[PDB]
Amino acid sequence: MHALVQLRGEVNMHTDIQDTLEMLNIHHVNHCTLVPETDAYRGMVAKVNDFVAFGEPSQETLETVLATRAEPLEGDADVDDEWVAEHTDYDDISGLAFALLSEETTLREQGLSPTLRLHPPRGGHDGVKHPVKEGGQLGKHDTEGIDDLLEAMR
Amino acid sequence: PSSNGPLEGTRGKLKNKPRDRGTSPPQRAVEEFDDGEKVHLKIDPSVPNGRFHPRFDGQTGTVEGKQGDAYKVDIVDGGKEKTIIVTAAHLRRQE
Amino acid sequence: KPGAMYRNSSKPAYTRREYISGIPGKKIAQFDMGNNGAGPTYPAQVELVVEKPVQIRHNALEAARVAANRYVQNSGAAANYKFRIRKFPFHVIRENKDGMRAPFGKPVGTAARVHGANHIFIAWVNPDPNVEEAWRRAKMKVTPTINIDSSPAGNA
Amino acid sequence: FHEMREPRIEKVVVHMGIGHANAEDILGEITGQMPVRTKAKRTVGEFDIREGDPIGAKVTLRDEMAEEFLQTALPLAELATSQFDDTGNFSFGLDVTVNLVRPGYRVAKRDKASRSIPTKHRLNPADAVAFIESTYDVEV
Amino acid sequence: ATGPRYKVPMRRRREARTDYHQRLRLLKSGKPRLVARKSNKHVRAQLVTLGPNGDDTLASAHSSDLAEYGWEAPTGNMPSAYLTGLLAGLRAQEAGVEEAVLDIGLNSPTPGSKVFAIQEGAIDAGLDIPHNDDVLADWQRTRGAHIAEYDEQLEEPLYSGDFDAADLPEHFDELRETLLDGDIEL
RNA sequence: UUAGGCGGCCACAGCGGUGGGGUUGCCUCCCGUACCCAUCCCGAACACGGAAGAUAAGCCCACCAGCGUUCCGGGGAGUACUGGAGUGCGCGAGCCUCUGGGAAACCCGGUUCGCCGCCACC
RNA sequence: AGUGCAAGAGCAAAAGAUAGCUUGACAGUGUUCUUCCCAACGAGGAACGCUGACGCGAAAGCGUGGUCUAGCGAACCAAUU
RNA sequence: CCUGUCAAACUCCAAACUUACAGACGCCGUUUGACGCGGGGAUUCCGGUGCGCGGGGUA
Ligand SMILES: [Cl-]
Ligand SMILES: [Cl-]
Ligand SMILES: [Mg+2]
Ligand SMILES: [Mg+2]
Ligand SMILES: [Mg+2]
Ligand SMILES: [Mg+2]
Ligand SMILES: [Mg+2]
Ligand SMILES: [Mg+2]
Ligand SMILES: [Mg+2]
Ligand SMILES: [Mg+2]
Ligand SMILES: [Mg+2]
Ligand code: NA
Ligand code: NA
Ligand code: NA
Ligand code: NA
Ligand code: NA
Ligand code: NA
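Note that the protein sequences, when read in sequence, are chains V, P, H, D and M. The numbering of the first sequence is PDB author numbering, which starts it at 1 and goes up by one. The numbering of the second sequence is PDB author numbering, which starts it at 1 and goes up by one. Just so you know, the third sequence maps onto residues 1 to 97, 109 to 167 in PDB author numbering. Just so you know, the fourth sequence maps onto residues 10 to 29, 35 to 107, 128 to 174 in PDB author numbering. The numbering of the fifth sequence is PDB author numbering, which starts it at 1 and goes up by one.
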């Protein structure tokens, strides 16, 4: 399971690429989604590879983000442990997170919006003109690499 | 194109690799298809008759009845629905 | 006319003589020079390596070759060495010599397409590299910057 | 092994390559059966431009008709060697050609499952000279 | 053989056994084929149908297994052919086959030929086959009369030992008669 | 399939070559022209009738890789080319990095001297 | 090689050659595709059917001209069945 | 035998890629009626630029 974060805008990006991001529930810059590692999903992120940031987050980080940026399918309701418990199959955020990471369920299945609308990275990201191997912030990341981004946008 | 005949730009698609040259096996020219079957359209360079317009080479239609021995296959050109009169010699079962 | 007009390989390959007529003969006198009776049984083998893909008009080929071989007469008319220019001017070139109306030009010459790193010239010598000098003069008359590379020769 | 390997005469063709005939008559008597017209191919300067056109006749003799003919033909010929085929044939003379081969030749002349005769089973110039020479005359 | 570009004929064409152009016209009918084949000593008759991995023979008859019904004569002749045709024709009927087209392979369409005899037999067996009556032998030759009369010009038995000296087109009738009722494998 | 008929795929099956096989039974060559039929001339072929002989052809069986072909290992080569991205480089031609694909020739070593279906059959 | 003619393509027990016989280069009415990719548009073209009548073949079958893609033309008036 | 080179109108080979159909996932539609069908009204048929691939041209 990988965390997907659109870092580049729609203007000028190929339509067939933009449509993909939309198929992955991301319709805005800084929006993030959680995607299973399947052949079908792998092909998609590869095509989106140049306008996004992805990787496998750590249990903790996912938990921090879920708590800070998860939302019900509808409404303001804060998704905190109590919410998770009184609304999902799990008993708390950690329980949810674990299930997500092990790809046993999805934010939808649990009545949650497929999108984690993050905040601009505090301190700024590494740049949207170069990939990670080049000191940029585009493409695949380290679990430590993804966590830093996600956490800076917590 | 410099001309607009049906065979314009068909040098490649309507030619056989040197080894597949010569009269084709009769087994596939006699094959029988049932209405509803999916078939792949491809002209046999060695088989003169029962052809369809080269533009459709590559299509995968649905057999829907026949006319004489030839079959009537429905395809969709772009967004337009069309019926193609073709013989077994130029058809293959999908899958 | 200037090499500026034909030194780039931006056009399609134009070489089918069955569809092109009126092609000027080549100015290149010979491709094999020196002791062509003998086979490459020499100690040293230096080469002239083009450093960029370019088109070289038969004009430059003959001028570059002559300048090199004509000089290799620092060894004598029947000296002991063999010189070879391995490229042939296959690419026919035109000129639109009406303005931009019906501008497909008429055959005016031929050139040889050489890719960066190919060796256009190859000489064979005994430890007597005057050839290295024959090439400082040769790549002096061809568009690209060149590399004078020695192969069998650990006799430095 | 032998018996089915020993040579035999298969047809003797007697033809008169004229250039435009009355000649058939003598061929009919010299052999014993009707001659066949000889059309020609290609248009040529020897006022022979006509494609389909009688320009000679031939006669293919088989079995006794062939021997009974050679029992007079051969005597009228001297030559041998060099003048022989690579398949053990030979023509002399008005032409008279003799086609020679061994027992299982039908395998290559029939319609069904026909097949070309193996080089080993072919007849050599030498093996030919022998057979014939061994039948009323001398080689070279 | 010579190069990558060389064209090798289909195996059955190399073997000079199958005429693929005729086979295609044959398969057009969409009916079973009545394969009529010969050998120097025998005559075979098969009823073939089309199959996924090759042809399927649903009924056949060989001139050899003719004796199995009382044949004591040679098996490479006209009476033999007809009979093998009728035998196969019958076994065919038993197999649920009702019509077929005559495949004579690489043989020639000569009038009164054995393949047509084979066709006549199959037809009489009850099989429905597109034919032409006056391309067939005149019954008597089918019976083997042409051979009996040939032995009339005897002086020496036409049959080395075999059966009879003056041969029997009657033996033909007895057999056809036999095949037209009961008996095993029919 | 101790030799057959009809085929499918249509060279992995082609080309060339070696060895083996028929005592009654199979295919052949083979023997032979009164008939059906036949050669613009020939029972060569086609067609018909038949077993004195033969396993030399064919054919069937076993095998050889020299040529052609098919597929595989290792090398060539993650090279050539390439879909996506870049305020990376270069006067420029053009190149480079990240990402997703990825060859051809050729060399060396294996493979391949057909596979399969239906029917009939000491 | 040949297959009438450009070029590309098809074809070997043939689509080529020869022989023999024959006039399907027949009458009528359609389906489909093309003309006009997608996506509307005429004449024209082709493929594939049906009805009738024929030619050939033992027969399956082949013949809706010449192997395939060029050789074509509205209304009005005239002539003709 | 050896040795030196090529192809828009060459090909024993051969991608990336584009493309027909089907299944899966995704997204979407069944009160926001998608897909599709019928009808009313248009505007429009001087375009331009960047990038990739081009063809012509010294440019
Ligand atoms: Cl069509
Ligand atoms: Cl047969
Ligand atoms: Mg909401
Ligand atoms: Mg700040
Ligand atoms: Mg920045
Ligand atoms: Mg092309
Ligand atoms: Mg033997
Ligand atoms: Mg036609
Ligand atoms: Mg008017
Ligand atoms: Mg008139
Ligand atoms: Mg394309
Ligand atoms: Na073919
Ligand atoms: Na002008
Ligand atoms: Na220079
Ligand atoms: Na004549
Ligand atoms: Na043998
Ligand atoms: Na029309």
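Even for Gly, the Cβ is constructed at its ideal location relative to N, Cα and C.
| Check | Outcome |
| --- | --- |
| May I ask you to check if the CB of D109 (chain H) is nearer than 7 Å to at least one heavy atom of ligand 13? | yes |
| Taking a Cβ distance cut-off of 7 Å, strictly less, list which residues of the segment 144 to 155 of chain D are near chain M, in chain order. | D145, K146, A147, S148 |
| With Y71 (chain P) as the anchor, note down where its beta strand (DSSP E) starts and where it stops. | 70 to 77 |
| Starting from the beta carbon of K7 (chain M), find every residue of chain P whose beta carbon is closer than 7 Å, and list them in chain order. | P18, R19, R21, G22 |
| Can you pull the chain P neighbours of residue 215 (chain M), defined as C-beta to C-beta under 9 Å? | Absent from the model: residue 215 (chain M). The displayed extent of chain M is 1 to 186, so no value can be given. |
| Tell me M33 (chain H)'s beta-bridge partners as DSSP assigns them. | H:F83 |
| I'd like the list of long-range same chain contacts for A54 (chain D), defined as Cβ closer than 8 Å, with 5 residues on each side in sequence excluded. | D62, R64, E65, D67, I69 |
| Can you pull out the residues from the segment 29 to 45 of chain P whose beta carbon lies closer than 8 Å to at least one beta carbon of chain M? | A29, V30 |
| Quick check: what's the CA-CA separation for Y150 (chain M) versus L168 (chain M)? | 12 Å |
| For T33 (chain V), is the classification buried or exposed, using 16 other Cβ atoms within 10 angstroms of its Cβ as the cut-off for buried? | buried |
| CB of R8 (chain V) to nearest heavy atom of ligand 13: below 7 Å? | no |
| Just how far apart, CA to CA, sit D74 (chain P) and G61 (chain P)? | 5 Å |
| When you check each C-beta in the segment 43 to 72 of chain M against every C-beta of chain P, which residues fall closer than 8 Å? | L50 |
| Please list, in chain order, the chain P residues whose beta carbon lies closer than 7 Å to that of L27 (chain M). | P26, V30 |
| Take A160 (chain D) as the anchor and find which of D:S150, D:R144, D:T101, D:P49 has the nearest alpha-carbon. | D:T101 |
| Sort out for me which residues DSSP pairs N158 (chain H) with in a bridge. | H:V49 |
| Quick one: residues with CB closer than 5 Å to any heavy atom of ligand 1, in chain order, please. | P:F52, P:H53, P:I84 |
| Cβ-heavy atom distance between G127 (chain V) and ligand 5 below 7 Å? | yes |
| Would you report the Cα separation of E10 (chain V) and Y41 (chain V), rounded to the nearest angstrom? | 21 Å |
| Quick one: which unbroken beta strand (DSSP E) runs of 3-plus residues sit fully inside the segment 42 to 82 of chain M? Chain order, please. | 43 to 49, 56 to 62 |
| Does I20 (chain H) pass the burial test, meaning 16 or more other C-beta atoms within 10 Å, or should it be called exposed? | exposed |
| Specify whether the segment 43 to 61 of chain P and the segment 83 to 92 of chain P touch according to this definition: at least 3 beta carbon pairs, one from each stretch, less than 8 Å apart. | yes |
| Which residues have a Cβ closer than 7 Å to any heavy atom of ligand 14, listed in chain order? | H:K150, H:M151, H:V153, H:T154, H:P155, H:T156, H:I157 |
| What residues are listed by DSSP as bridge partners for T121 (chain H)? | H:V92 |
| For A95 (chain M), which residues in chain D fall below 9 Å Cβ to Cβ? | Here the premise fails: no neighbours, minimum Cβ distance about 28 Å. |
| Can you pull the chain D residues whose beta carbon is under 7 Å from the beta carbon of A16 (chain M), in chain order? | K146, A147, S148 |
| With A134 (chain H) as the anchor, note down where its beta strand (DSSP E) starts and where it stops. | 130 to 136 |
| Who pairs with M25 (chain D) in a beta bridge, going by DSSP? | D:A71 |
| Return yes when the C-beta of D20 (chain P) is under 7 Å from any heavy atom of ligand 12, and no when it is not. | yes |
| Is any beta-carbon of chain D found at less than 8 Å from that of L83 (chain M)? | no |
| Who are the Cβ neighbours of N16 (chain P) in its own chain at under 7 Å, not counting the five residues just before and after it? | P45, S46 |
| Tell me which residues share the same chain as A64 (chain H) and place their Cβ nearer than 6 Å to its Cβ, disregarding the 5 neighbours each side in the sequence. | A149, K152, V153 |
| How long is the line joining the alpha carbons of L96 (chain V) and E22 (chain V), rounded to whole angstroms? | 24 Å |
| Is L34 (chain M) close to chain D? Criterion is C-beta to C-beta, closer than 8 Å. | no |
| What's the call for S113 (chain M), buried or exposed, on a 16-neighbour Cβ count within 10 Å? | buried |
| Straight-line CA distance for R33 (chain M) to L50 (chain M)? | 9 Å |
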